[PDB]
Amino acid sequence: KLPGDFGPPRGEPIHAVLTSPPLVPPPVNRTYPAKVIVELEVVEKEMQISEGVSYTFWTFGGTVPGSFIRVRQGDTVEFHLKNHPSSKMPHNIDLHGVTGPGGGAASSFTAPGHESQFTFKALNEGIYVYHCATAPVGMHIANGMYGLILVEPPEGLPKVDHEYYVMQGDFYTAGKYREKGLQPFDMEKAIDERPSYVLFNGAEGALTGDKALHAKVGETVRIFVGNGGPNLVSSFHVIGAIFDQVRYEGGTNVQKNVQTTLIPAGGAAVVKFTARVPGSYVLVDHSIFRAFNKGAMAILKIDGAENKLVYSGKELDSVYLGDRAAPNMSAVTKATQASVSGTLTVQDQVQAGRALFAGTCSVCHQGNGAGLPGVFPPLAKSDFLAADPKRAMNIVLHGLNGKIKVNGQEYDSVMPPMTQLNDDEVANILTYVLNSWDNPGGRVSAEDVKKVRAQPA
Amino acid sequence: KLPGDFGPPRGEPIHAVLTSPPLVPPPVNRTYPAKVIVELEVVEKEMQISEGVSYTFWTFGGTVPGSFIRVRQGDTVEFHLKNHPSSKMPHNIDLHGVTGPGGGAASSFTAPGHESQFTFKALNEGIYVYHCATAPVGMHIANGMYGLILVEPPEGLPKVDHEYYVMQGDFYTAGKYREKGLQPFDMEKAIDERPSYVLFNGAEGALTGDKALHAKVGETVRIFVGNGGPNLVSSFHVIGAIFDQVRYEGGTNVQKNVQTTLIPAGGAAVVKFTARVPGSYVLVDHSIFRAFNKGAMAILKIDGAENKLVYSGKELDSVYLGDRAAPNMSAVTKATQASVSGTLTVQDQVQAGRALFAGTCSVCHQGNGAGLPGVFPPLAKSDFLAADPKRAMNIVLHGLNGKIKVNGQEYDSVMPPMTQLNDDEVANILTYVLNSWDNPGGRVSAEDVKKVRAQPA
Amino acid sequence: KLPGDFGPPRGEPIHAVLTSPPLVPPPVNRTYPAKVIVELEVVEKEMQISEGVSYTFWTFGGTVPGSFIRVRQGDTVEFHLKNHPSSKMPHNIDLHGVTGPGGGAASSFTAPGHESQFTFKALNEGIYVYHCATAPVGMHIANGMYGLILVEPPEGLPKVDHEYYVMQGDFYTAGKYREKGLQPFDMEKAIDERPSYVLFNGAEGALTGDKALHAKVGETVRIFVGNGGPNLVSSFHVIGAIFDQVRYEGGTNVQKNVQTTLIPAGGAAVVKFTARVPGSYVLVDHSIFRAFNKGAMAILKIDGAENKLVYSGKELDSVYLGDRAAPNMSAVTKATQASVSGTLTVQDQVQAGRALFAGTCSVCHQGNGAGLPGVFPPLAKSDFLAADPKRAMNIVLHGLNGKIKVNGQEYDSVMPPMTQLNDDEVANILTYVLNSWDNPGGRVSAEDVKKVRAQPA
Ligand code: HEC
Ligand code: HEC
Ligand code: HEC
Ligand SMILES: [Cu+2]
Ligand SMILES: [Cu+2]
Ligand SMILES: [Cu+2]
Ligand SMILES: [Cu+2]
Ligand SMILES: [Cu+2]
Ligand SMILES: [Cu+2]
């Protein structure tokens, strides 16, 4: 006997309503098996992978991850895949959870401007990745072609206050992290499993700041967590909290009371969180350079009353979250645009640099540039800075050590090099500093920094 | 009290019968503990890791993975390791599941032409990796020195229709993927965990096409799945199906109803599959560039009646499986041999290119070269191709974009670069195309391609 | 209702006594919730990451991993973080298991010479990683800022004979593995997840030889195992044994009877071992090049009577453990020091080379240099060696193959290149060989080897 043996479809055919991340369709709330018609369209389009960084994504439904599909175990799914006429590549789909060769792949092969369909019975309850299955498969997945399908148990999942949709991916650009412009896919980096970005929901900042997920103290939150890969395994973790439950795919096993859980490439899990004290809870890949150097952080922000008996401390700030503590970094997008257009102003640079200074520089120099007398020198009204802005470019790129005098006080410490910052980033940060705190004004250009990078002091 | 406390060996000594992958010895079918004599011989020998690509493997029993060993919990195992006289290196063994230092390693040290033996009690039921334990251990394991030992529970495992033996490994060649010739081991790639091949059972195609595993609709299949490493963790997955059960080593935990499962380096699992609808089910490492760019795919092919109520779609084809959809790629081996011998004919190239065109080119241009008018230009009777075969070499290596006219129709799309193809591969593919579909004939040589690669248009 | 709801703190405030690795504080042995005051001080200091290789570690409590903290579920923890005045960087803490944003991070931000404190309730039983949470977070963690906190269940853990503390980390030096001197942190290697060292407890050899963990036949051993990362996932394994139990963090799930288990980056587990036969049991990351090429091996040495019915074989030796079979490699530290001071003697080199010869060379040439006539040529009284010591440098770096005659006998085999050995290592090994076994004496210098490396034969 096959699983999901609930009899023939009954009632009326249902046209599935799909949702865009980070939202989820409502519970199916149904006691009978149905014929469910799913319509999904592939769209190839440029989007911002980071501020001022464009990428040609290939998408199911216009988003990365693709639209969320929700059905019931025992349903008959008539799956329609359309490929938008603007596409250049053919596409198809493999849904995990499908019983049949390729998960649908042969029957869903769809050239630009065409449509395909196939039918399958959802035998398997669980949360499942779906993805493109078109040669070269890794290129298609790396370009964003993945999402989740939930096959509910017949009785439905337990009710919760919120349901969200979060999916990790690894991305491979020709340029380095935060290098501006339209970035091609990089096959060599992909084969070597050396991503430039590791993201939730298709972009840096997709789920941080003003795009955070929300709930209130006392509420329950279910997150459907995918790992589209193509290549990485996520050490998936919530900072400052615990998962009540973690369940992989449709497995019988449920782990309870864990904070860190490994999600295979192509894997998916359902996690549950109970909000206990207010603040921001960070979802990360705890392979830490991914989370803190490549974009792999998302936020669940909890509103409500503090409970000092449980936690006396403060909300997260830029020391830990860096430049993602703030609502957004729109000023960086604006400055990059203005550079392209040849209209970059001092103030455009100042505002971009203000955004980028947070964490990156403020951890030591403070948000007001005051530093800490004798320990971290000031950037505010800094004689040392004013005396030689080219030296300041060298200091950011190449670090500084040894005894120095700043505003009448000796320092004898170490500023690490920050060579991973791009030329525009150094330029904008220093222009911000120069135009703040009674510093002398003026500006530093990306070309100025390019020259210092090519010939260090 | 020790585990496996079933009393002294009884009956007669048993000479274990070992099997070569992908086959498994029969169930032990025994209710008493025995003395089991195991004889395993190390052989160093060249084998084909891919078509036309030789590698010096170091093997237990002549195969990668090594011979499968099957005993019963509570048995006393007298383990004999022989090192063939032709070997250049000493070798030994560490069997996971052994209770004792090194898993046998010190007592099994065996120089070329020698034999060693040691005895251990199998206290631990489970599936276990064994491997060489000779400095430099990583070199020995990377060269193929790993296999599985099953220690059955006293009552035996439940009966199934088929049992198979599949083992992943990561391999490190000096040359790139599919670069022909005898490829040395590459220590630098190994230390960096940057394999050139990721394989099941020691070779590309070892379990695809005419070497697939088989079963019928309704049957149960147990697979003993190892990960020899040395370095990679497998996001082990079955495309288009689900695992009824996954059990690691001898663990108490059994996960049920999962599709994707993480197998540690040096780990092993027993998975169970129930065949429900016919077609090819792909075992992969779902770190996708391994599966689709490095060889990490194996096939379980199911025969029987379609069930349209469960899955209406078609069997897998080259869109998803690429050049492994076909029974084999023997023509590539033959062409490579002929190149070495200086006897390479046009037809040798044509047949090799025919094999390599599948998926790689046919996904867009179709198996008949017709393309799709206005969307993917034809290779069949292509004026554009005929007009400039050196341009065609550049197009394969370096891609093509922009408006073009082919056979009277405008195209305005993007063909990605395919620079990872080796010179012989480009040459053979283009020679196939030129000699098909009313194209003008002639040939492209590997040297022709080498020159275009050294100086792009 | 919140977990750990055991009522208000009672009794007297408790000043936690913290332990340095590999030791653990005693069981709390308490039936009431308490206020527990924890005092931890950050110290930045140079330590030896390997013999003759210094590194500037950043530490919680002077060690890597940091001091072990042990409390009871339901306790109120008043956490004090001090930053030693000698520090150059600010620091803070995120304790997994804390319920609150950042796990403590915002409220624990501490400049050099300062102190911070915050209070949290330990709601969550389990073993948990703690680490620094200061931008750039990956740099801080890579420099050693991680440890474990145990939150006991209210009834305590079951009693065992020994409890130990073992924590894996990945490290990123500018220089290659075993390159001597003070090694800077390497940001590029860190971002790429390409460590030069993978270690237990902060150094090569930290838990090998005379620093092994101990127990006796029949005893139980609990190990609190952390993975500080920052980036790697451990295929954590015990050679020659099995784990009775593995439990992650505070999870409900407990796996029993497994040998190989995946520990996420930032993860922690409690494992249990029962000693059955004497010898050395190796804890490794079974991504094997880590264990055998980067330092990721630790030893649990069991004393007591052999049981030939369970295991007839011998204790581990240098064939498997390599140069870590011996008690220590102090001679390498001494020789490196003497080179720095310009006082390096022949005997300093000889003793360093003796240490390094084990495994590395002895696997084939034997500990006495005799080789195996006709199979592995002798280094003892070797005419071939004496005839040309520059050829001998080339042989170590670049390998040797083909027919040769040594001491009147023909060999026709392959010695692999050993190019990963550093110049001082080759020099010291060859000086050892030259000064042993009736060889002619003299010495080989690091500069001699540098020249052969720059121009191979
Ligand atoms: C702590 C880890 C720091 C971070 C992050 C940044 N800086 Fe820094 N900076 C730091 C120290 C300890 C020092 C002095 C080094 C010494 O030799 O004692 C400095 C110095 C500077 C200076 C020059 C002195 C001055 O004008 O105060 C400049 C211009 C400067 N730092 C700039 C700067 C910027 C823009 C940063 C973000 C990109 C940044 N620093 C980070 C410590 C740390
Ligand atoms: C889809 C992703 C493709 C794959 C895979 C391959 N080709 Fe292609 N090719 C494709 C397009 C869209 C185009 C036109 C580009 C444009 O500027 O509009 C092409 C073009 C060619 C040509 C030249 C035109 C012609 O003769 O039709 C050649 C010779 C060609 N392609 C060859 C070729 C081969 C041999 C491939 C496998 C190695 C291959 N292509 C793959 C799209 C795609
Ligand atoms: C086995 C895998 C070996 C290891 C490890 C090392 N050596 Fe070796 N060595 C080996 C062989 C098979 C040969 C002969 C190669 C052939 O062409 O047949 C050699 C040779 C040497 C020699 C020259 C001959 C002699 O004097 O005996 C030297 C000087 C030598 N080997 C040194 C040496 C050292 C110092 C090693 C550790 C760094 C080492 N070898 C490792 C096999 C193996
Ligand atoms: Cu696609
Ligand atoms: Cu998949
Ligand atoms: Cu071997
Ligand atoms: Cu092993
Ligand atoms: Cu720190
Ligand atoms: Cu953490």
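Each chain gets a letter, A, B and so on, in the order its sequence line appears, and its residues count up from 1. In each ligand, atom 1 is the first atom listed, and ligand 1 is the first ligand listed.
- Distance alone, capped at 3.5 Å, places no donor-acceptor pair between the B:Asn231 side chain and the B:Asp170 backbone.
- The atom of C:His140 nearest to the Cu ion (ligand 8) is ND1, with the search restricted to N, O or S atoms.
- A 6.0 Å sphere centred on NZ of B:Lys88 holds more than 12 heavy atoms belonging to other residues, nucleotides or ligands.
- Ring geometry, B:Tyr172 versus C:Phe289: the interplanar angle falls from 30° to 60°, so the pair is classed tilted.
- For residue A:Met145, an N/O/S atom approaches the Cu ion (ligand 4) to within less than 2.8 Å.
- The atom of C:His91 nearest to the Cu ion (ligand 8) is ND1, with the search restricted to N, O or S atoms.
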List the steps and the verdict of side-chain hydrogen bond (donor to acceptor under 3.5 Å, both in side chains) for C:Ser116 and C:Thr110.
CA-CA 6 Å; C:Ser116 302; C:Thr110 313; 2.8 Å; yes
